[PDB]
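K.L.:
Chains from the complex, first installment, not repositioned:
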Amino acid sequence: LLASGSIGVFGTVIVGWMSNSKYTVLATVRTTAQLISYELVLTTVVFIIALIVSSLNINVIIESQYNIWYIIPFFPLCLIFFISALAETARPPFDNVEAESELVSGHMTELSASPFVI
Amino acid sequence: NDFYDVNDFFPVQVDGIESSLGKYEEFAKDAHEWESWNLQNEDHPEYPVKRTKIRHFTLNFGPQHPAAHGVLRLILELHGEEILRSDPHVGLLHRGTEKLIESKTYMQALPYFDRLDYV
Amino acid sequence: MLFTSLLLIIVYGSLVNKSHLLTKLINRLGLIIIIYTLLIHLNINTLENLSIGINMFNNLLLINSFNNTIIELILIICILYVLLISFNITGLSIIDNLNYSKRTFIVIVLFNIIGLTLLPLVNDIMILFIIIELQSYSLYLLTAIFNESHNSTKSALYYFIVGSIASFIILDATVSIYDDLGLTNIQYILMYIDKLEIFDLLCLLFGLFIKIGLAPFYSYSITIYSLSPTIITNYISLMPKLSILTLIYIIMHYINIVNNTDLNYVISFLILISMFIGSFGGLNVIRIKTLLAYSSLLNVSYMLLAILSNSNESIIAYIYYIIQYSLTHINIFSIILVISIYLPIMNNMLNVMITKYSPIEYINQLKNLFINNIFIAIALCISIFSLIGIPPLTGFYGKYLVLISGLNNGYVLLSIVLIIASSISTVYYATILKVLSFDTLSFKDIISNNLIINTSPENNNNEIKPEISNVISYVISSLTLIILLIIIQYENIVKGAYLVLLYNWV
Amino acid sequence: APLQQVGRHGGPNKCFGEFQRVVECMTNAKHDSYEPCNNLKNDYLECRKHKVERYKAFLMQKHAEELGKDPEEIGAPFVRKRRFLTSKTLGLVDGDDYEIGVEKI
Amino acid sequence: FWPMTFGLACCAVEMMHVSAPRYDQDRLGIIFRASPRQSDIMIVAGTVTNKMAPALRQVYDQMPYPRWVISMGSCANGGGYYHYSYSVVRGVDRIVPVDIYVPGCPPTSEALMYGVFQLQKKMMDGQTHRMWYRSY
């Protein structure tokens, strides 16, 4: 699950890196580090939960929460997980990649029709 | 100039360059191939490097931008991200209201003022 | 003691304010750490007990009396190098303040000593690759420690690429060995020393040959040494060979069990070719560091003949040679860091650009050193005479002992070439002596006040003002008399090398 | 001494036994030389790559070619597609030949 | 119906009020976009000066088809109050083709929505593909 997400990160930065538009090519160096920086936080949080159950299986983690939900012992990690999740999808308030007031559509200011939808 | 541009240490006098098989001038016509024979260091502060005057990254924060709540052409000259110089190009909404008021009576000139600050 | 103190220096250096006095004082903290390391090492480690060979850390590291000799030598030579950065090499603030502009200099050096001292001890292919990277990564950082310099950064980029290919060859040989046997520990591989492809250990040597600058790979080492600052070249051109040549000797010790002749012919092909380039190469050069780069290659060629022969006299030849060559190397570079005060100053033709990184860069900048400082000129003369091989200096006994090991094993062809190559190289060692002194009598009575040393301020005009700092002068004098007067205690030293064993026993 | 040849479950793997018998012989004190352990060294290499046994398979393939022995009648029956390990092939009494389910266990 | 945020002057204030809570253009599927690539409707809301005119043509050319242009207010329509000025284009239809003209100074928010509703009725009347089968 963490490996698959990091392939998507590579997909995001490639959009602008093949473009000469200043707005589109602006959102690569800032896009790259934002996803790079909050990937360590998201990866470590997943590993702490995996450490509490000593399993890297999704099904085992869910079943391990029968008597207690990990929001009660690890509430701070849930805030940290949710904050990190916002950055990885580039959602606001971590919106600086595709900021309309700052960089218009970001990488999508050069995208239209099917490349925009996908 | 317009298109390109070009010490902390003692000026050291080196005279009499010689190797084991002869002196410099005896092999100076071949030393263009021997790169360990280059007398021109590339770290000397006086090293002439003809570098072009590449203009600073100049973004056009042009009118078609949500930030430009009118018609603004903001020209930003920056080093990296920190802004060095900014050149606002106003006038994209110049309609010559001041020229038009002079041809209308005081009662007709009033509506020209609701259209200065729209809000 | 080394590792624990390194963490304290890392944290402390990042706290205190950036200044030259504090940077120079922290460099004197490292000089203590290296000294403390030697006292703890010599206390527990003894020749009499390490003779059998002792496995450490789950057999990953194996230590014996041959490796133990070099660890103490490495620590000693690292003390003499840190004395340069920790005290004044000239005393002129303009030239010296380069050594104190970097706070991580001593930290990276302390990183390397951990890398250098553990490499001879490795006993697992898994830890061989890790340790060789710890040493290799520390050299690239030290080469680029002066990140403002264009030549220094260009050299580290060249160093990183060549070393990366060198490390890949080393990594690939170990993988191939693991493919055949499935074993990682070197002792377990020795059980199958007759059942594995012995040329995969040769592919391992081809990687270690790149890192010591052996022809045909010599090209990058000459370029690197002639571009880095003289303080940097003084370290990176000697230290890697101290710890890699010890490792190469051990790997060749295991290899000669099966006594494969094809392996010896290829290595003799490289030793023979390197002597040719190491001798004829330096004939037409103007840069001193390029000259000492070709000089270094020739001495590595001699030291490989002792390694290649690999007998009981080869331990003595290698152990003695590696010690005397280090002291000679330190002595020569220390002098070049000092005699830069006698350079003239312009008040023209050939437009020679000098920088604060290599103030002494050309051989003819040694001109008239017999006049400006006669005592230090003889010290440079004695050091060069040792490299030539004039008896009864230290250099003669290195070549004499190497020849014994070489001819006792039938390397007649290589023994004659090394004696031809030694004489050819004497031409360009003699040029350094020609520049030092030969124009003395024409320049004897000259009106010289434009030297760099003449820009030093006058303190009192009543007290005596020595021209050279205290510590650097004592080091130069000590190593010059040790080079010169080895004949006095030579018999004890050589008999002190008969005892260094590598599984000889009985 | 360090562990070598550790299985994917933490225990000794297939060829650890052979390697251990080699170490016992090499580090033994009653041996004058390493000659007696030469056969054990071959077995450890044999256990890992089966080079001698693969060679024996090559001759039995080649010898049958020069005699005309039919491969289908000297060799052993095999199935290449796992979906067609049908109960007819497995020999079950009333087994169909319809494919088996190898989608999800 | 994603327009392009091309508000120039006081006509743009009424354009933003269409998106305000009371009228809520978004409830009809109208989202203002800041780029021609993602927009198909150009709304000229304000005075088109001579200096702005070449930029307006460039922004128009960068919109992928199909595209429609609405002229809002008297300035865009025919100059308006500034018809006899030395720096005002007397009608944006001298620069780009205009599909519908919204009258007013400024048009009320409902007047602009009537213009948008009128254009949608026209877009639903298109026969782009039946034209191929019959007219072609």
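P.N.:
Nice, I can see it. Residues are numbered from 1 along each chain as shown, chains lettered A, B, ... in the order given.

K.L.:
Need the residues that contact the helix ranked longest in chain E.
P.N.:
If you go by DSSP state H, chain E has its longest helix at helix E:109-123. Residues outside helix E:109-123 that contact it (Cβ atoms under 8 Å, 6 or more residues apart in numbering or on different chains): E:1, E:14-15, E:17-18, E:20, E:22-23, E:25, E:30, E:41, E:68, E:70, E:72, E:99-104, E:107. Where C-beta positions appear, they are placed from N, C-alpha and C, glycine not excepted.

K.L.:
Which among those residues count as buried?
P.N.:
Among the contacts of helix E:109-123, the ones that count as buried by 16 or more other Cβ atoms under 10 Å in any protein chain shown are E:14-15, E:17-18, E:23, E:25, E:30, E:41, E:68, E:70, E:72, E:99, E:101-102, E:104, E:107.

K.L.:
Quick check: residue B:85 is in a strand.
P.N.:
Yes: Residue B:85: assigned to a strand according to DSSP: H, G, I helix; E, B strand; the rest coil.

K.L.:
Let me know whether residue C:122 touches residue C:61 as I believe.
P.N.:
Yes: counting by Cβ atoms under 8 Å, residue C:122 touches residue C:61, with 6.5 Å between them.

K.L.:
Same drill for these two, tell me which one is more crowded.
P.N.:
residue C:122 (21 against 18; other Cβ atoms under 10 Å in any protein chain shown).

K.L.:
any idea how far chain B is from the residue lying closest to that one once chain neighbours are set aside?
P.N.:
Closest residue to residue C:122 apart from its sequence neighbours, by Cβ to Cβ, 6 or more residues apart in numbering or on different chains: residue C:128 at 4.6 Å. For residue C:128, the distance to chain B equals 35 Å [Cβ to the nearest Cβ, to the nearest Å].

K.L.:
which ones are touching residue C:128?
P.N.:
Neighbours of residue C:128 in contact, by Cβ under 8 Å, 6+ apart: C:122, C:170, C:174.

K.L.:
and chain F on top of that:
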Amino acid sequence: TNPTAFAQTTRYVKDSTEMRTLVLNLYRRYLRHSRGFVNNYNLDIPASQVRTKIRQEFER
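P.N.:
Chain F now in position relative to the chains above:
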């Protein structure tokens, strides 16, 4: 506040000869950038005519 690129101070000259040096200097500056004028403005004519028409307006 700092002036923009290629800006100059506005000084009222009082000598005739002084002006011509400025006038002649400025002429090459137009000529020097002529190729860039074509490149930046994507002009359909070679830079030769761009240099050609600059000179005429000075003489006027």
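
K.L.:
Helix or strand for residue F:20, just tell me which one.
P.N.:
Applying DSSP states H and E as the criterion places residue F:20 in helix F:16-32.

K.L.:
who's in contact with the helix or strand that that helix is followed by?
P.N.:
Downstream of helix F:16-32, the first helix or strand assigned by DSSP H and E is helix F:34-41. Helix F:34-41 is contacted by residues F:43, F:45, F:46, F:47, F:50, F:51, F:54 when judged by Cβ under 8 Å, 6+ apart.

K.L.:
Flag every buried residue along helix F:34-41.
P.N.:
F:34, F:38.

K.L.:
Show me the helices in the stretch 351-500 of chain C, by range?
P.N.:
For the stretch 351-500 of chain C, the helices defined by DSSP state H, counting those that start in this stretch occupy C:369-372, C:374-388, C:394-408, C:412-437, C:470-484, C:490-495.

K.L.:
likewise chain A?
P.N.:
For chain A, the helices defined by DSSP H occupy A:2-17, A:22-26, A:29-53, A:58-63, A:75-88, A:100-103, A:114-117.

K.L.:
And the ones you listed: which comes nearest residue C:463?
P.N.:
Within the helices of chain A, the stretch nearest residue C:463 is helix A:29-53; the backing value is 59.7 Å (Cβ to Cβ).

K.L.:
Taking helix A:2-17 as reference, get the angle to that closest one.
P.N.:
Per axes from the mean of the first three to the mean of the last three Cα atoms, to 10 degrees, the angle that helix A:29-53 makes with helix A:2-17 is 180 degrees.

K.L.:
Show the contacting residues for the closest residue to chain A within chain E.
P.N.:
The nearest approach of chain E to chain A comes at residue E:37, 3.9 Å away (Cβ to the nearest Cβ). Contacts for residue E:37 (Cβ under 8 Å, 6+ apart) come out as A:105, A:108, A:109, A:110, A:111, A:112, A:116, E:62, E:63, E:64.

K.L.:
put chain G on too:
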Amino acid sequence: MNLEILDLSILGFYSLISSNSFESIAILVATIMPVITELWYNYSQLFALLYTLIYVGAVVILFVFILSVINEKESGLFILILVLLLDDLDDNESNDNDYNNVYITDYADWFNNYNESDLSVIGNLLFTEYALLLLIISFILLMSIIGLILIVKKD
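P.N.:
Take a look at chain G, now in place beside the chains above:
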């Protein structure tokens, strides 16, 4: 139809013709993906995922990060296909014919009732048996943090 051959022939075709640094970084990604996919099937699924997590997620996007920093500036069809065809003919990495033509099996056994993943054993040995290898690695990582800052940081 071992289609893994066709992926590399395309890859081997574009490695001979790449000009800029955009295509050079593309050869990297186009090489890991066959490496990951051929590890996912066949040999080791654990190290296919470790490669994606560590190579693609960590060291590959660093290349494109610095390419945007460095710069972006600036053969014949007969010779390429001739070279690729010549490269295509001889693909036997080893010359033990029996080792490459004769198949082998293993026999399973039930003696291992404590079945756990490979990453369980690797951690079991790395944190106990070879704890020196693990500790030196954190030491090599430590030197890099110091090493990066001294090389790049200006003041």
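
K.L.:
ok chain G is loaded, check the contacts of helix F:34-41 again?
P.N.:
The contact list for helix F:34-41 (Cβ under 8 Å, 6+ apart) reads F:43, F:45, F:46, F:47, F:50, F:51, F:54.

K.L.:
Let's see the PyMOL selection covering just the buried ones among those residues.
P.N.:
To isolate the buried ones among these in PyMOL, judged by 16+ other Cβ under 10 Å, type:
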select buried, chain F and resi 47+50
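
K.L.:
what packs against the helix holding residue F:20?
P.N.:
Contact here means 3 or more Cβ pairs under 8 Å, 6 or more residues apart in numbering or on different chains; DSSP states H and E; on that basis helix F:16-32 packs against helix F:47-59.

K.L.:
what sits up against the helix it packs on?
P.N.:
Helix F:47-59 is contacted from outside by F:23, F:27, F:30, F:31, F:34, F:35, F:37, F:38, F:43, using Cβ under 8 Å, 6+ apart.

K.L.:
Grab the nearest non-local neighbour of residue G:104.
P.N.:
Closest residue in space to residue G:104, ignoring its immediate chain neighbours: residue D:50 at 5.6 Å, by Cβ to Cβ, 6+ apart.

K.L.:
count of residues packed around that neighbour?
P.N.:
For residue D:50, the count of nearby residues is 16 (other Cβ under 10 Å).

K.L.:
Leaving aside the residues adjacent along the chain, what's closest to residue A:53?
P.N.:
Here the residue nearest residue A:53, using Cβ to Cβ, 6+ apart, is residue A:64, at 4.3 Å.

K.L.:
Could you pick out the residues of chain G near chain A for me?
P.N.:
G:22, G:29, G:49, G:52-53, G:56-58, G:60-61, G:64-65, G:67-69, G:119 (Cβ under 8 Å from any Cβ of the partner chain).

K.L.:
For those residues, which PyMOL command selects only the ones that are buried?
P.N.:
The buried subset of these, as determined by 16+ other Cβ under 10 Å, is captured in PyMOL by this line:
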select buried, chain G and resi 29+49+52+53+56+57+60+61+64+65+67
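
K.L.:
wait, doesn't residue A:94 sit right on residue A:82?
P.N.:
No: here residue A:94 lies out of contact with residue A:82, judged by Cβ under 8 Å, at a distance of 11.3 Å.
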